[PDB]
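> To start, I am sharing the structure in question, which I have written as structure tokens.
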Amino acid sequence: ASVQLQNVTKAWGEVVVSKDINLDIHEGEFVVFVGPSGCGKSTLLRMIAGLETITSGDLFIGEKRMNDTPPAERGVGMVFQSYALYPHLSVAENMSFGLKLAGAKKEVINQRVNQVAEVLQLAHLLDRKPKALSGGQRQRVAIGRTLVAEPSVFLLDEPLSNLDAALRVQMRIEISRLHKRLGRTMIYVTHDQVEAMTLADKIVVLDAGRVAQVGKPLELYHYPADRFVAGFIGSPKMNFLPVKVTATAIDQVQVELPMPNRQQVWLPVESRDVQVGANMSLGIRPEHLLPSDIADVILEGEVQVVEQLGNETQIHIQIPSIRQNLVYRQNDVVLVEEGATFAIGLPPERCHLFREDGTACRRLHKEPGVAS
Amino acid sequence: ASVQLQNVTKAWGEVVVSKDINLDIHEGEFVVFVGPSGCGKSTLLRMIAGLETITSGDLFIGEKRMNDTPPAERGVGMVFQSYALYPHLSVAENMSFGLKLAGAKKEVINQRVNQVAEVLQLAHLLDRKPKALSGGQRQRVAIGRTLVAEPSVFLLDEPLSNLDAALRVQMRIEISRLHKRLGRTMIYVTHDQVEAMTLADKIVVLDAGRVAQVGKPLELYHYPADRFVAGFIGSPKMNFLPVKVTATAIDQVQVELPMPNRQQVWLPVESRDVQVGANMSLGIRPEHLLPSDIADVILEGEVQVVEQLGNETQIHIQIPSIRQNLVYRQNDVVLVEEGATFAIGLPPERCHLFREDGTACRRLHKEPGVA
Amino acid sequence: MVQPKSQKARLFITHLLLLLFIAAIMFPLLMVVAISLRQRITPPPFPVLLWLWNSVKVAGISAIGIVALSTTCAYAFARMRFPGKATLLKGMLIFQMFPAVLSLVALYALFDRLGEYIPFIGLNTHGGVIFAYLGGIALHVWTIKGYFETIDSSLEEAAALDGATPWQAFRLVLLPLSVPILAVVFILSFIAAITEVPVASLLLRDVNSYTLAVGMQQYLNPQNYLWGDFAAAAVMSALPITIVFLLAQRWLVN
Amino acid sequence: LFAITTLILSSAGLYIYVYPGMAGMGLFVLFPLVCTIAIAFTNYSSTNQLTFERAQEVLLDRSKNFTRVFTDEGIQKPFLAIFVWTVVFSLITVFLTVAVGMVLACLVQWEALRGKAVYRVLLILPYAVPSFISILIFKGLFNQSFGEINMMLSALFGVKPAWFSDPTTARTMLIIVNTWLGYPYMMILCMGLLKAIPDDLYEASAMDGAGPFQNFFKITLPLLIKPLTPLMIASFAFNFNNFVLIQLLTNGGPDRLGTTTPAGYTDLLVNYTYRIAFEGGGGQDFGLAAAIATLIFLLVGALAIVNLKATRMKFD
């Protein structure tokens with residue numbers, strides 16, 4: 001149902017992990033959290049399901065406020081980190097687990113499962129036991145338990161965690177079919193920025209329990225929240241560097257690089273909140289860094305490394321004196337022996353920056369797909 | 001410290017997982033291997049060090065033979081899937097272990113060690129011990145046992161499998177830094193398409209214990225050996241499909257795709273031993289699969305998936321009359337709801353193909369960085 | 001976890017009943033308390049003090065022999081493959097964990113034979129007793145080997161490189177590693193020796209070198225405030241037991 | 001007989017040294033076993049460790065076996081009452097020890113009942129002080145007349161029953177004594193073992209809704225049966241053959257009353273065995289072939305079975 005939260009919080013006593021977070025996951029969604037480990041993302045999902053305490057603030061699940069309620073009641077269920085599989089009971093039995101206990105009636109029980117088992121591609125593995133199966137088969141059925149039950153809200157503390165290249169994907173898309181077909185709510189969590197973006201109706205860049213940001217996949221990519229948000233979602237991490245806000249006005253913000261070039265230059269900034277003399281920091285991905293020739297924003301420098309990723313290439317690159325080196329993606333080959341020089345252009349628009357602190361300078365540059 | 005093999009072999013009695021393989025890994029190289037599970041990759045490693053035995057064929061290092069002598073007198077070195085660290089003693093001692101063992105040249109010990117210890121960022125954790133460290137540090141100091149010693153060879157059964165992204169990379173350079181620096185030989189099992197391609201001088205696409213192929217980085221990429229190799233490497237699998245080679249010539253080799261129209265088209269393949277009418281198999285990647293307009297060679301069908309990823313898109317596409325859906329890389333995004341129609345460019349020159357017995361239609365069509 | 005579902009209800013019933021349980025299985029020890037006067041014009045009584053000292057002499061060297069043997073012999077078992085390893089262990093386990101009834105029968109017969117040629121270890125003695133116990137390795141070798149294998153292999157491999165013959169690899173390298181078990185076997189060996197009864201009783205004729213195990217047994221005929229002296233002995237008993245039982249307790253590593 | 005064994009060994013030891021180390025194991029542990037069951041009578045009515053060789057010695061310088069075992073029906077009658085008892089002793093004994101061990105264990109880590117640690121040390125102690133000193137004070141409590149035992153018994157409640165005297169109540173005397181002697185081992189095995197189970201699993205139970213009782217019966221218990229079994233039955237092998245407890249608490253006393261040789265009600269199988277060797281009076285029948293044989297043999301049936309289920313194990 002139209003789940004949600006408000007000033008929720010927590011603190012293993014002293015240890016305040018959660019931090020007056022908030023959200024508004026209306027029906028049909030399939031949000032998904034993510035961030036580095038220690039995020040305790042796990043915690044949040046738990047609080048919501050119920051399998052952990054609601055230290056402060058509150059939460060609902062449509063027309064209710066299940067803080068003070070057992071896990072079972074809130075019409076929920078979910079496949080855990082381990083998997084949560086009964087070493088004792090087999091596939092046939094373990095699945096028909098949830099329905100079995102509270103309920104009754106063999107008929108509804110069996111058909112319901114085979115129907116799902118079929119989809120899971122597990123009509124055959126009805127009888128066989130738990131230990132007796134592949135790595136993936138365990139998880140597959142695992143998913144099936146929560147499934148057969150149909151506890152309105154499908155949470156998922158990292159199911160596709162432990163697996164191969166293909167399966168991650170396969171089961172992934174399947175989830176997609178399930179979600180769309182059913183349309184029920186569906187929170188989730190993990191790492192694979194990929195998984196994230198892929199399924200992701202909306203998201204949440206966690207950060208030590210705090211809600212750094214909310215948004216569409218793209219909104220996150222194009223319109224980051226700040227240094228952290230950008231730093232996360234990016235094949236190699238996004239590039240970065242010093243600056244000195246030379247000047248400003250209405251919808252632009254000059255700045256310049258810390259070394260010989262002096263090349264001040266504008267950028268489609270928000271401008272709001274931008275004192276001058278402000279030693280800010282200039283963000284930008286390898287995904288954008290155009291060639292040496294074309295654009296204005298020259299940027300010559302010696303070449304550091306050369307990731308011949310075949311179906312493309314990349315190159316680290318020490319500017320005359322930036323601190324850490326620059327990065328550099330692009331399609332196809334690029335012989336480029338090291339030690340020698342090389343360089344490229346900073347188009348402005350596809351760019352980012354922020355204050356001494358870290359909050360970001362909203363952007364002007366009306367990018368793709370991004371409705372406003 | 002050259003090294004090599006010669007129809008080597010192994011066979012746990014029945015279990016013959018090392019059927020007359022072969023190689024010739026010169027000095028200075030930094031070879032690497034890869035393969036799905038059932039690698040038997042480790043096997044070689046061991047065969048190489050000494051921790052196993054030479055069922056058949058032969059091998060050498062330095063130059064002299066060596067099935068015989070133990071791991072010790074080979075000056076080999078390594079770092080296991082585990083990590084292989086001495087639980088009791090500390091970091092200082094653990095690394096210091098190999099050398100002091102029958103000749104306590106203290107002066108050399110401290111200097112080389114701290115020099116090294118420092119490099120893998122491990123000066124402070126001098127006194128501490130195995131447990132008293134993070135997941136990453138052990139793996140690090142560990143590489144250092146071998147390092148401290150300064151062998152000749154440097155086997156490496158995945159001291160990076162169990163970890164985070166940046167670490168894999170940084171250490172990656174660390175290795176390349178040192179090897180480039182020291183330059184002794186360096187085998188290395190793994191999986192990381194990435195590590196793989198990036199790091200090695202050469203490679204070995206193993207397969208159920210056998211030499212599927214060898215080559216420089218791209219060589220594997222552009223010029224695959226066989227059906228398995230191409231499918232394995234790079235980004236998603238190298239899409240594929242059926243065929244019916246209408247014609248031939250020495251250099252080129254015509255084909256005729258299965259869909260309704262039957263848009264035959266040429267392609268700079270091998271040809272010798274390529275009778276007509278045969279059931280060939282047209283290989284190709286998503287990166288290359290051009291748009292609607294540019295090339296002639298159409299390819300309509302339907303939009304299965306729609307993988308955003310910001311720094312690109314990769315829509316899947318179940319073309320009619322074929323099992324395989326069609327992956328589809330390309331830079332920058334491209335709105336295109338699912339289920340909707342679509343199609344794309346079959347860039348002939350790039351392409352690929354292979355016989356029924358799956359072998360290498362040795363693509364004539366040269367390309368850059370491919371001496 | 002959450003748990004509004006009548007928390008207090010289960011806590012009390014569980015908690016209280018729990019209390020009753022300890023309390024009951026405590027009264028017995030408690031009465032021991034209800035007396036404790038060891039050492040008109042009476043005096044001396046049956047000398048437990050020496051009994052205790054012997055128990056140590058018995059248990060102490062007893063364990064040493066146990067570990068020395070379980071460990072060294074076992075060594076061959078785990079690492080060094082050889083003719084018929086799986087079967088013998090199979091045997092020793094089953095073989096020994098017999099109900100040592102009439103074990104004494106042969107024993108008396110045997111020790112009789114032993115004491116004559118080979119003095120000291122023969123019947124009626126400390127050494128004779130320890131020797132009897134030794135065949136206890138069977139359960140232990142199984143455990144000593146089991147831990148052995150868990151540590152990872154290569155560690156030996158690197159070492160094999162730098163000259164650690166079976167022993168150097170084993171002792172310097174391997175053993176101090178596998179020490180936790182050494183203690184487990186040692187400590188547990190110690191307790192059985194004390195909580196001995198059939199064997200100690202049989203061999204040990206003398207009044208003097210009784211074990212704490214042997215001598216306290218006597219207070220069966222003169223019950224009724226003689227028994228009282230026994231409580232005192234129990235007092236003497238809680239010292240070794242409470243202590244050593246307790247020390248081992250910390251061992252729950254994690 | 002000793003002359004015989006050292007004969008094969010001498011040839012064997014020098015030949016294959018290796019043998020000598022093992023000889024001590026085979027000689028001390030193994031050899032007695034052989035004589036024990038085998039020699040287990042023959043001539044020794046109470047007149048023949050020695051033989052004619054010695055007969056020369058005594059008179060001059062003055063200056064068969066096992067048959068006894070099966071071949072019975074008339075003699076063979078005391079044996080059956082004890083077997084039933086002894087056996088049942090072990091089953092009911094084991095049954096209770098565990099009921100407590102696990103049940104005790106479950107509650108230890110129920111996280112909720114804080115102070116789990118303290119209750120833990122105390123629950124253990126029965127085990128802390130020996131069985132040896134423990135049961136002795138036990139008898140002293142349990143005197144019929146004497147012992148604060150019946151004392152309170154008569155005091156609060158009506159009666160103050162016959163522990164040593166009546167056979168019926170006597171038997172129960174031992175069962176419970178072991179309960180107090182034995183539960184710690186079950187507690188500890190169970191405490192450590194119970195740990196293995198996946199915490200989350202229970203969480204699963206939470207969603208579906210049940211327990212803690214449902215947890216125990218449904219989940220954890222019929223999921224500790226298997227691990228426990230190699231151990232519980234094998235210990236039972238030991239329980240049945242619990243020689244020491246019986247001796248000090250009550251030499252099977254009261255007596256059976258029809259028993260030609262040294263029999264007794266409470267007297268488990270072993271006790272019966274040991275007595276008609278000794279325990280006052282000379283050779284009543286110093287030749288327990290049947291007693292000796294059945295012991296070594298039946299238990300092995302247990303030994304073999306123990307081996308079947310267990311065999312090294314998991315990681316779980």
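Chain lettering (A, B, ...) mirrors the order of the structure tokens, residue numbering begins at 1 for each chain separately, and ligand numbering begins at 1 in order of display.
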Given a cut-off of 6 Å, which residues of chain C touch chain D, counting only C-alpha atoms, written out as a VMD selection string?

chain C and resid 94 99 106 135 195 241 245

> Please provide as a PyMOL selection string all residues within 12 Å of residue 128 of chain C, with the sequence filter that same-chain residues fewer than 3 positions apart are discarded (counting only C-alpha atoms).

(chain C and resi 58+61-62+107-108+110-116+118-125+131-134+199-200+202-205) or (chain D and resi 28)

> Which of segment 2-45 of chain D end up as alpha helix (DSSP H) when DSSP is run on this backbone - answer as a list in words?

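Listing alpha helix (DSSP H) positions across segment 2-45 of chain D yields residues 2, 3, 4, 5, 6, 7, 8, 9, 10, 11, 12, 13, 14, 15, 18, 19, 20, 21, 22, 23, 24, 31, 32, 33, 34, 35, 36 and 37 of chain D.
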
> Please return, as a PDB file with N, CA, C and O atoms, in the first residue's frame, all residues of chain D lying within 12 Å of chain A when only C-alpha atoms are considered.


ATOM      1  N   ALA D 196      24.467 -22.792  15.977  1.00  0.00           N
ATOM      2  CA  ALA D 196      24.540 -22.964  14.535  1.00  0.00           C
ATOM      3  C   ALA D 196      23.327 -22.428  13.776  1.00  0.00           C
ATOM      4  O   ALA D 196      23.484 -21.759  12.755  1.00  0.00           O
ATOM      5  N   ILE D 197      22.127 -22.705  14.268  1.00  0.00           N
ATOM      6  CA  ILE D 197      20.908 -22.272  13.582  1.00  0.00           C
ATOM      7  C   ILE D 197      20.932 -20.789  13.138  1.00  0.00           C
ATOM      8  O   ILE D 197      21.485 -19.937  13.829  1.00  0.00           O
ATOM      9  N   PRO D 198      20.337 -20.475  11.959  1.00  0.00           N
ATOM     10  CA  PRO D 198      20.235 -19.135  11.363  1.00  0.00           C
ATOM     11  C   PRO D 198      19.224 -18.264  12.092  1.00  0.00           C
ATOM     12  O   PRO D 198      18.024 -18.521  12.061  1.00  0.00           O
ATOM     13  N   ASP D 199      19.723 -17.208  12.708  1.00  0.00           N
ATOM     14  CA  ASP D 199      18.912 -16.293  13.495  1.00  0.00           C
ATOM     15  C   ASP D 199      17.679 -15.873  12.712  1.00  0.00           C
ATOM     16  O   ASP D 199      16.534 -15.978  13.155  1.00  0.00           O
ATOM     17  N   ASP D 200      17.949 -15.411  11.514  1.00  0.00           N
ATOM     18  CA  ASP D 200      16.930 -14.941  10.618  1.00  0.00           C
ATOM     19  C   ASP D 200      15.770 -15.914  10.527  1.00  0.00           C
ATOM     20  O   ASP D 200      14.605 -15.536  10.641  1.00  0.00           O
ATOM     21  N   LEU D 201      16.107 -17.177  10.337  1.00  0.00           N
ATOM     22  CA  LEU D 201      15.109 -18.202  10.186  1.00  0.00           C
ATOM     23  C   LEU D 201      13.954 -17.898  11.113  1.00  0.00           C
ATOM     24  O   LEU D 201      12.808 -17.791  10.671  1.00  0.00           O
ATOM     25  N   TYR D 202      14.259 -17.721  12.392  1.00  0.00           N
ATOM     26  CA  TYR D 202      13.225 -17.411  13.369  1.00  0.00           C
ATOM     27  C   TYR D 202      12.453 -16.197  12.865  1.00  0.00           C
ATOM     28  O   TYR D 202      11.225 -16.195  12.864  1.00  0.00           O
ATOM     29  N   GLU D 203      13.166 -15.173  12.415  1.00  0.00           N
ATOM     30  CA  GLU D 203      12.477 -14.003  11.902  1.00  0.00           C
ATOM     31  C   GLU D 203      11.396 -14.459  10.934  1.00  0.00           C
ATOM     32  O   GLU D 203      10.282 -13.945  10.957  1.00  0.00           O
ATOM     33  N   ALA D 204      11.722 -15.430  10.092  1.00  0.00           N
ATOM     34  CA  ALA D 204      10.747 -15.955   9.146  1.00  0.00           C
ATOM     35  C   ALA D 204       9.499 -16.305   9.935  1.00  0.00           C
ATOM     36  O   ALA D 204       8.388 -15.875   9.625  1.00  0.00           O
ATOM     37  N   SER D 205       9.711 -17.100  10.970  1.00  0.00           N
ATOM     38  CA  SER D 205       8.643 -17.539  11.852  1.00  0.00           C
ATOM     39  C   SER D 205       7.846 -16.340  12.328  1.00  0.00           C
ATOM     40  O   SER D 205       6.628 -16.407  12.464  1.00  0.00           O
ATOM     41  N   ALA D 206       8.551 -15.259  12.632  1.00  0.00           N
ATOM     42  CA  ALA D 206       7.907 -14.046  13.098  1.00  0.00           C
ATOM     43  C   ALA D 206       6.848 -13.563  12.102  1.00  0.00           C
ATOM     44  O   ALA D 206       5.709 -13.300  12.487  1.00  0.00           O
ATOM     45  N   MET D 207       7.217 -13.449  10.827  1.00  0.00           N
ATOM     46  CA  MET D 207       6.289 -12.990   9.789  1.00  0.00           C
ATOM     47  C   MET D 207       5.022 -13.849   9.738  1.00  0.00           C
ATOM     48  O   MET D 207       3.908 -13.328   9.750  1.00  0.00           O
ATOM     49  N   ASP D 208       5.206 -15.159   9.633  1.00  0.00           N
ATOM     50  CA  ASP D 208       4.105 -16.122   9.610  1.00  0.00           C
ATOM     51  C   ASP D 208       3.361 -16.128  10.960  1.00  0.00           C
ATOM     52  O   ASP D 208       2.172 -16.448  11.037  1.00  0.00           O
ATOM     53  N   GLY D 209       4.101 -15.785  12.014  1.00  0.00           N
ATOM     54  CA  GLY D 209       3.595 -15.729  13.380  1.00  0.00           C
ATOM     55  C   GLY D 209       3.449 -17.016  14.168  1.00  0.00           C
ATOM     56  O   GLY D 209       2.633 -17.883  13.834  1.00  0.00           O
ATOM     57  N   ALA D 210       4.271 -17.124  15.218  1.00  0.00           N
ATOM     58  CA  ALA D 210       4.280 -18.282  16.131  1.00  0.00           C
ATOM     59  C   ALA D 210       5.315 -18.180  17.279  1.00  0.00           C
ATOM     60  O   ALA D 210       6.058 -17.205  17.366  1.00  0.00           O
ATOM     61  N   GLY D 211       5.342 -19.198  18.148  1.00  0.00           N
ATOM     62  CA  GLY D 211       6.283 -19.272  19.270  1.00  0.00           C
ATOM     63  C   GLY D 211       6.246 -18.282  20.436  1.00  0.00           C
ATOM     64  O   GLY D 211       5.261 -17.567  20.582  1.00  0.00           O
ATOM     65  N   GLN D 214       5.994 -22.422  19.746  1.00  0.00           N
ATOM     66  CA  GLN D 214       5.931 -22.903  18.371  1.00  0.00           C
ATOM     67  C   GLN D 214       7.357 -22.955  17.811  1.00  0.00           C
ATOM     68  O   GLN D 214       7.659 -23.810  16.988  1.00  0.00           O
ATOM     69  N   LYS D 218       7.941 -26.623  16.635  1.00  0.00           N
ATOM     70  CA  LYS D 218       7.950 -26.588  15.182  1.00  0.00           C
ATOM     71  C   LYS D 218       9.358 -26.509  14.579  1.00  0.00           C
ATOM     72  O   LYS D 218       9.810 -27.415  13.880  1.00  0.00           O
ATOM     73  N   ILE D 219      10.038 -25.402  14.857  1.00  0.00           N
ATOM     74  CA  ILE D 219      11.368 -25.119  14.330  1.00  0.00           C
ATOM     75  C   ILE D 219      12.624 -25.848  14.819  1.00  0.00           C
ATOM     76  O   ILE D 219      13.003 -26.920  14.316  1.00  0.00           O
ATOM     77  N   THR D 220      13.219 -25.263  15.858  1.00  0.00           N
ATOM     78  CA  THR D 220      14.476 -25.716  16.455  1.00  0.00           C
ATOM     79  C   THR D 220      14.587 -27.175  16.912  1.00  0.00           C
ATOM     80  O   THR D 220      15.554 -27.866  16.588  1.00  0.00           O
ATOM     81  N   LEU D 221      13.617 -27.644  17.682  1.00  0.00           N
ATOM     82  CA  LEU D 221      13.665 -29.013  18.166  1.00  0.00           C
ATOM     83  C   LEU D 221      13.701 -30.041  17.024  1.00  0.00           C
ATOM     84  O   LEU D 221      14.729 -30.709  16.834  1.00  0.00           O
ATOM     85  N   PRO D 222      12.602 -30.177  16.241  1.00  0.00           N
ATOM     86  CA  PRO D 222      12.673 -31.163  15.162  1.00  0.00           C
ATOM     87  C   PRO D 222      13.661 -30.602  14.163  1.00  0.00           C
ATOM     88  O   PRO D 222      13.390 -30.502  12.971  1.00  0.00           O
ATOM     89  N   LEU D 223      14.813 -30.231  14.699  1.00  0.00           N
ATOM     90  CA  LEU D 223      15.917 -29.671  13.955  1.00  0.00           C
ATOM     91  C   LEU D 223      17.039 -29.529  14.979  1.00  0.00           C
ATOM     92  O   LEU D 223      17.538 -28.447  15.246  1.00  0.00           O
ATOM     93  N   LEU D 224      17.392 -30.657  15.569  1.00  0.00           N
ATOM     94  CA  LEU D 224      18.454 -30.767  16.547  1.00  0.00           C
ATOM     95  C   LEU D 224      18.396 -32.235  16.951  1.00  0.00           C
ATOM     96  O   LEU D 224      19.203 -32.737  17.738  1.00  0.00           O
ATOM     97  N   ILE D 225      17.413 -32.916  16.371  1.00  0.00           N
ATOM     98  CA  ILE D 225      17.211 -34.338  16.576  1.00  0.00           C
ATOM     99  C   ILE D 225      18.419 -35.063  16.001  1.00  0.00           C
ATOM    100  O   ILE D 225      19.094 -35.821  16.690  1.00  0.00           O
ATOM    101  N   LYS D 226      18.680 -34.802  14.727  1.00  0.00           N
ATOM    102  CA  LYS D 226      19.782 -35.404  13.992  1.00  0.00           C
ATOM    103  C   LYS D 226      21.149 -35.125  14.633  1.00  0.00           C
ATOM    104  O   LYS D 226      21.887 -36.053  14.959  1.00  0.00           O
ATOM    105  N   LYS D 314      29.720 -31.253   8.890  1.00  0.00           N
ATOM    106  CA  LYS D 314      29.469 -29.953   8.272  1.00  0.00           C
ATOM    107  C   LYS D 314      30.436 -28.779   8.486  1.00  0.00           C
ATOM    108  O   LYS D 314      31.648 -28.932   8.664  1.00  0.00           O
ATOM    109  N   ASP D 316      28.063 -25.886   8.849  1.00  0.00           N
ATOM    110  CA  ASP D 316      26.829 -25.286   9.375  1.00  0.00           C
ATOM    111  C   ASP D 316      26.793 -25.317  10.907  1.00  0.00           C
ATOM    112  O   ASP D 316      26.828 -24.226  11.516  1.00  0.00           O
TER     113      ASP D 316
END

> Compile the residues of chain B that lie within 7 Å of chain A, evaluated using only C-alpha atoms, and express the compilation as an MDAnalysis selection string.

chainID B and resid 194 197:198 218 221 287 307:311 335 369

> Taking only C-alpha atoms into account, which residues of chain C are within 8 Å of chain B, as an MDAnalysis selection string?

chainID C and resid 152 154:155 157:162 177

> Could you turn the residues from that selection into a file that holds N, CA and C atoms, as a PDB file, in the first residue's frame?


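again-v1.pdb was written with the following content:
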ATOM      1  N   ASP C 152      44.429 -23.583   7.578  1.00  0.00           N
ATOM      2  CA  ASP C 152      44.695 -23.828   6.163  1.00  0.00           C
ATOM      3  C   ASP C 152      46.058 -24.429   5.825  1.00  0.00           C
ATOM      4  N   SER C 154      48.610 -24.276   2.880  1.00  0.00           N
ATOM      5  CA  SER C 154      49.764 -23.555   2.341  1.00  0.00           C
ATOM      6  C   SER C 154      50.769 -23.116   3.383  1.00  0.00           C
ATOM      7  N   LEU C 155      50.248 -22.698   4.524  1.00  0.00           N
ATOM      8  CA  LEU C 155      51.088 -22.238   5.592  1.00  0.00           C
ATOM      9  C   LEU C 155      52.227 -23.243   5.642  1.00  0.00           C
ATOM     10  N   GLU C 157      53.088 -25.258   3.263  1.00  0.00           N
ATOM     11  CA  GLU C 157      53.748 -25.166   1.968  1.00  0.00           C
ATOM     12  C   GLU C 157      54.899 -24.171   1.926  1.00  0.00           C
ATOM     13  N   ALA C 158      54.650 -22.925   2.295  1.00  0.00           N
ATOM     14  CA  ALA C 158      55.715 -21.929   2.310  1.00  0.00           C
ATOM     15  C   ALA C 158      56.891 -22.440   3.141  1.00  0.00           C
ATOM     16  N   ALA C 159      56.560 -22.953   4.315  1.00  0.00           N
ATOM     17  CA  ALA C 159      57.531 -23.508   5.252  1.00  0.00           C
ATOM     18  C   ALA C 159      58.321 -24.682   4.666  1.00  0.00           C
ATOM     19  N   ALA C 160      57.599 -25.611   4.046  1.00  0.00           N
ATOM     20  CA  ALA C 160      58.230 -26.771   3.435  1.00  0.00           C
ATOM     21  C   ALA C 160      59.358 -26.173   2.626  1.00  0.00           C
ATOM     22  N   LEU C 161      59.061 -25.068   1.946  1.00  0.00           N
ATOM     23  CA  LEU C 161      60.071 -24.401   1.146  1.00  0.00           C
ATOM     24  C   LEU C 161      61.321 -24.210   2.011  1.00  0.00           C
ATOM     25  N   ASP C 162      61.201 -23.392   3.057  1.00  0.00           N
ATOM     26  CA  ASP C 162      62.339 -23.096   3.934  1.00  0.00           C
ATOM     27  C   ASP C 162      62.831 -24.151   4.963  1.00  0.00           C
ATOM     28  N   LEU C 177      50.431 -23.353  17.019  1.00  0.00           N
ATOM     29  CA  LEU C 177      49.200 -22.959  16.320  1.00  0.00           C
ATOM     30  C   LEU C 177      48.027 -23.734  16.932  1.00  0.00           C
TER      31      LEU C 177
END

> Residues near residue 186 of chain C, anyone? I mean within 7 Å using only C-alpha atoms, not counting same-chain ones fewer than 6 positions away, as number ranges by chain.

C: 63-64, 67

> Suppose we keep C-alpha atoms; can you now write the selection as a PDB file, in the first residue's frame?


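Once written, again17.pdb looks like this:
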ATOM      1  CA  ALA C  63      46.803 -35.516  31.506  1.00  0.00           C
ATOM      2  CA  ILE C  64      50.423 -34.901  30.312  1.00  0.00           C
ATOM      3  CA  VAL C  67      48.122 -35.096  25.407  1.00  0.00           C
TER       4      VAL C  67
END

> Please determine, counting only C-alpha atoms, which residue among C:144, C:33, C:50, C:18 has the shortest atom-to-atom distance to residue 75 of chain C.

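When distances to residue 75 of chain C are compared using only C-alpha atoms, the smallest one comes from C:144.
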
> Running DSSP on the backbone, which parts of segment 137-337 of chain A land in strand (DSSP E), as a PyMOL selection string?

chain A and resi 153-155+204-205+213-214+248-249+252-253+281-283+300-303+317-318

> Take the residues just selected and output them with N, CA and C atoms as a compact mmCIF listing (two decimals), in the first residue's frame.


# COMPACT_ATOMS: atom_id res chain seq x y z
N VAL A 153 3.30 -6.04 0.42
CA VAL A 153 4.60 -5.36 0.24
C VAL A 153 5.93 -6.14 0.18
N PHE A 154 6.46 -6.34 -1.02
CA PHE A 154 7.72 -7.07 -1.25
C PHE A 154 9.08 -6.45 -0.90
N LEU A 155 9.50 -6.47 0.37
CA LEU A 155 10.83 -5.94 0.67
C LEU A 155 11.93 -6.92 0.24
N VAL A 204 17.17 6.47 -3.14
CA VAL A 204 17.64 7.20 -1.96
C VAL A 204 19.11 6.96 -1.69
N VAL A 205 19.89 8.00 -1.92
CA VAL A 205 21.31 7.97 -1.65
C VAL A 205 21.53 8.04 -0.14
N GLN A 213 19.78 12.33 -0.53
CA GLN A 213 18.90 12.71 -1.66
C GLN A 213 17.84 11.67 -2.07
N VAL A 214 16.95 12.09 -2.97
CA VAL A 214 15.83 11.29 -3.49
C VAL A 214 15.82 11.52 -5.00
N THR A 248 30.25 36.32 -10.67
CA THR A 248 28.93 35.74 -10.82
C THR A 248 27.80 36.68 -11.12
N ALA A 249 26.67 36.08 -11.45
CA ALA A 249 25.47 36.83 -11.72
C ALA A 249 24.32 35.94 -12.13
N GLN A 252 24.87 32.30 -13.91
CA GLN A 252 26.18 31.85 -14.33
C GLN A 252 27.09 32.05 -13.13
N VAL A 253 28.26 31.42 -13.19
CA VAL A 253 29.21 31.44 -12.09
C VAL A 253 30.60 31.13 -12.58
N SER A 281 34.69 23.52 -5.46
CA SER A 281 35.27 22.36 -6.15
C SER A 281 34.48 21.94 -7.40
N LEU A 282 35.20 21.94 -8.53
CA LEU A 282 34.68 21.62 -9.87
C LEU A 282 34.50 20.19 -10.36
N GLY A 283 33.28 19.68 -10.22
CA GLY A 283 32.96 18.33 -10.68
C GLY A 283 32.68 18.11 -12.16
N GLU A 300 45.67 20.78 -21.43
CA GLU A 300 46.79 19.88 -21.74
C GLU A 300 47.36 19.23 -20.48
N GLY A 301 48.08 18.11 -20.64
CA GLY A 301 48.66 17.39 -19.50
C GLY A 301 49.28 16.03 -19.80
N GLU A 302 50.22 15.59 -18.96
CA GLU A 302 50.85 14.28 -19.16
C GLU A 302 49.93 13.10 -18.83
N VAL A 303 50.06 12.02 -19.60
CA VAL A 303 49.27 10.80 -19.40
C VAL A 303 49.81 9.81 -18.35
N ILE A 317 45.23 10.96 -15.93
CA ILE A 317 45.99 12.06 -16.53
C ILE A 317 46.31 13.24 -15.60
N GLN A 318 47.58 13.31 -15.21
CA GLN A 318 48.10 14.38 -14.36
C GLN A 318 48.30 15.75 -15.03
